[PDB]
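See below for the structure under consideration.
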Protein chains: 2
Amino acid sequence: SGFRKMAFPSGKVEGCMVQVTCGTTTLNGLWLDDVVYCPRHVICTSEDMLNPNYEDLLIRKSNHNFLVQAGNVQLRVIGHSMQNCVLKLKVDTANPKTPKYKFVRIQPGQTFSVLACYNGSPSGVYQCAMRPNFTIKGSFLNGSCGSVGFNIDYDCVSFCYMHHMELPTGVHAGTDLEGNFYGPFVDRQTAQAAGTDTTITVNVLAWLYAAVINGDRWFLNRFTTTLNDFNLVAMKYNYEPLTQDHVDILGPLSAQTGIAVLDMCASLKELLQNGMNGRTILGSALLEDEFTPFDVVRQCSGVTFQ
Amino acid sequence: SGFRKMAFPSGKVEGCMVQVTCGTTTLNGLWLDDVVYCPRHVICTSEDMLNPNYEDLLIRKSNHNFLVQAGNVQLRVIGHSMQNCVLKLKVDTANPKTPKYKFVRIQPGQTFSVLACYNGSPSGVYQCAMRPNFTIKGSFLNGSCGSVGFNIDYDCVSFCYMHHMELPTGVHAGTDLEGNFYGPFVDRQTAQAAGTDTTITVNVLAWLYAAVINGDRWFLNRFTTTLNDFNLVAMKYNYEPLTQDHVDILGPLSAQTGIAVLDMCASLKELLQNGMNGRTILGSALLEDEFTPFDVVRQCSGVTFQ
Ligand SMILES: *C(=N)[C@@H](NC(=O)[C@@H]1[C@@H]2[C@H](CN1C(=O)[C@H](NC(=O)C(F)(F)F)C(C)(C)C)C2(C)C)c1cncc2c(F)cccc12
Ligand SMILES: *C(=N)[C@@H](NC(=O)[C@@H]1[C@@H]2[C@H](CN1C(=O)[C@H](NC(=O)C(F)(F)F)C(C)(C)C)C2(C)C)c1cncc2c(F)cccc12
């Protein structure tokens, strides 16, 4: 038992991280087969950041303008191209550590592990959710651009995120690995800002089920609710609507605990309307929304990865 | 910016995990050079758990009674011995993935990363602290015994923990890698229980410094306090005493923020006496005590590992 914000083992991703330098800008790249992926703003100067024409900037570069270090060993760049907001640096060596992988784009509300990286050297690993407003509450300093987010299914790494930029509120924005931004953000200096967020209702319910599995029951009650009555309360507290598909996804957890989904919704309604009265749930005095139903089943059942 | 409970990259440890089977008991082992380390209770039956004489049980075993799987490849056991509460299984192959390592024992209050494992297959990674009562608030199911805890310094893995057992409150007990238990726990079935815990005061102060670095300042005040006056308040709230060495360790953080350590103590005193009044700090409505001053400097400065 127990419940922790748990990331996937990072080893398969560690073997892909490299350091990309262009001019006086160094950041991280992702080395899969013979291609290094990195944010295209690596080619920009400080004044270029202001209003860049990336096609213009790139045509003026050469393969030799890109320095790629894989550990203490240089990789020769033999081609370059731009795909949306990522650069693809063609290298003369396939990464022997390339795991089985996919490039997938995730939904707001879904979670992933981040391998934070500096100078192509991995620094730490942690678990994130894609917020409904398409930002992530990460932990990133200067030089972390090009660190990636991922999930692991059996032996296959599904890459979903590449870090590009920090927004003024201290949250983070980036792209999928095809170079398409999550949310309405661009890789140039504007006054761009996150915009309003909401709480991920289905994830809160999953976490309440995790708590029951782990022995916190004080928030349970005999009452129930209809889906609509619940969603009227959720809207008032800036929670997103709960769908019948969310209810179905919560079925297995509902069955293992014997608490009907709609009964849990009654409990959540009471918690939103009354707070916690100085009590905690799974060591938190806040309702946690960064665990999906899948994450709860994984950790309260014991699925590994090979 | 940002602040996350961040674990070390796990890749170096993933390459050491193996599956150990004895009779009908399977658990995890740690494979370094040509030795596999695992909890000695692997040799126990259900009735053996009751009051085992481990020397007696071990002399009745043979090398061939131990099945070791490294991936889909069996390792031949060529010797066995007991060192305190761990078994040392001598295998005929040195692990080519053996990183540079040390066996270190940590202090209560210190943190480490856990690579949770099942059937020798890593499942997730997360960050833990050694509680003052020598338990850890982990996340472990059946089959996780022999999962290890570690830290990384540059390129060297310092192993500090091996998982043995879950206590009735759902917390976890184990040994260092020499087989010596953390705290007053034994590897046999007794009614053993955790015993009273306290909050790690120096870690809370470090986390308050992390919050200031990240822009939460609402809990700051003009007041200050003496160390003794502070410790009188800390004792009342079940916090451990703050020493002059703790104050010195907090110096760098104090200097970067310009908040004297004793001024931060005044802020903590006020938070303990008044609560948070519905506000949060680094996304928490509780005072967090599982980040050390070292962890805060690492993440608010950007140190990596090679
Ligand atoms: C990557 N290593 C770094 N990000 C950038 O350099 C990125 C890049 C410019 C400006 N970038 C930013 O992230 C923002 N700038 C912004 O204009 C905006 F809108 F707020 F996002 C700054 C934080 C530098 C002001 C372009 C968008 C092309 C990076 C990555 N992660 C975290 C960082 C920090 F916390 C601090 C500084 C750089 C960071
Ligand atoms: C390891 N895979 C497993 N632990 C044991 O099997 C371990 C071993 C017996 C009993 N063990 C326990 O962890 C406790 N038993 C206790 O007597 C006590 F005191 F509470 F710790 C049980 C949870 C099984 C009752 C001996 C001590 C020799 C293990 C590891 N981690 C988590 C587990 C669970 F959450 C549930 C079951 C086994 C767990």
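Order of the sequence lines sets the chain letters (A, B, ...), proteins ahead of strands, with each chain counted from 1. Counting starts at 1 for both ligands and their atoms, following the listed order.
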task = Using distance alone, determine whether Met49(B) and ligand 2 share an N or O pair under 3.5 Å.
result = no

Those atoms of ligand 1 less than 4.0 Å from some heavy atom in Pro168(A) = 20 (F)

task = Would you indicate whether the side-chain heavy atoms of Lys5(A) and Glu288(A) approach each other to under 4.5 Å?
result = yes

task = For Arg217(B), check side chain to side chain donor-acceptor pair (under 3.5 Å) against everything at least two apart and list the hits.
result = none

query = How does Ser144(B) reach ligand 2, by side chain, by backbone, by both or by neither, if only non-hydrogen atoms under 4.0 Å count?
reply = both

ask   = Is the closest N or O pair between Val186(A) and ligand 1 shorter than 3.5 Å?
value = no

ask   = Who's closest to atom 32 (C) of ligand 1 heavy-atom-wise, of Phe185(A), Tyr118(A), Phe140(A)?
value = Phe140(A)

ask   = Parallel, tilted or perpendicular: which fits the ring planes of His80(B) and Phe66(B), with parallel below 30° and perpendicular above 60°?
value = tilted

query = So, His164(A) versus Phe181(A), ring centres under 6.0 angstrom or not?
reply = yes

ask   = Considering only heavy atoms, does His41(B) approach ligand 2 within less than 4.0 Å through its side chain, its backbone, both, or neither?
value = side chain

task = Run through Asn180(A), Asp187(A), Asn84(A), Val86(A) and flag the one making a side chain to side chain contact (heavy atoms under 4.5 Å, CB included) with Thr175(A).
result = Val86(A)

query = Would you find more than 12 non-hydrogen atoms of other residues, nucleotides or ligands less than 6.0 Å from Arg105(B) atom CZ?
reply = yes

message = Could you tell me if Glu166(A) and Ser1(B) have a donor-acceptor pair between their side chains, going purely by distance under 3.5 Å?
response = yes

key: Under-4.0 Å protein heavy-atom contact, atom 25 (C) of ligand 2   = no

key: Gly143(A) neighbourhood, listing ligand 1 atoms whose heavy-atom distance to it stays under 4.0 Å   = 2 (N)

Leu167(A) heavy atom under 4.0 Å from ligand 1 = yes

query = Are the aromatic ring centres of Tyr37(A) and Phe159(A) under 6.0 angstrom apart?
reply = no

query = Is the closest N or O pair between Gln192(A) and ligand 1 shorter than 3.5 Å?
reply = no

request  = Please work out whether any backbone atom (N, CA, C, O) or any side-chain heavy atom from C-beta onward of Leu141(A) is under 4.0 Å from ligand 1, and answer side chain, backbone, both or neither.
outcome  = backbone

key: Test of proximity, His163(B) against ligand 2: N or O pairs below 3.5 Å   = yes

inquiry  = Quick check on contacts: which atoms of ligand 1 are under 4.0 angstrom from a heavy atom of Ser1(B)?
reply    = 35 (F)

note = shortest atom 27 (C) of ligand 1-to-protein heavy-atom contact is with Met165(A) CB, 3.9 Å

key: Single hit among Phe294(A), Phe150(A), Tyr161(A) for ring-ring contact (aromatic ring centres under 6.0 Å, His included) with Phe112(A)   = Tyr161(A)

request  = Could you tell me whether the side chains of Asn119(B) and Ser121(B) share a donor-acceptor contact shorter than 3.5 Å?
outcome  = no

inquiry  = Would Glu166(A) count as being in polar contact with ligand 1, using the rule that some N or O on each side must be under 3.5 angstrom apart?
reply    = yes

request  = Indicate yes or no: at least one non-hydrogen side-chain atom of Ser301(A) is less than 4.5 angstrom from one of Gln256(A).
outcome  = no

request  = Please report which non-hydrogen protein atom sits nearest to atom 29 (C) of ligand 1, along with the residue it belongs to and the distance in Å to one decimal place.
outcome  = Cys145(A) SG, 3.7 Å

key: Minimum-distance protein heavy atom relative to atom 7 (C) of ligand 2   = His164(B) O, 3.5 Å

query = Please state which protein non-hydrogen atom is closest to atom 38 (C) of ligand 1 and give its distance, to 0.1 Å?
reply = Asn142(A) OD1, 3.1 Å

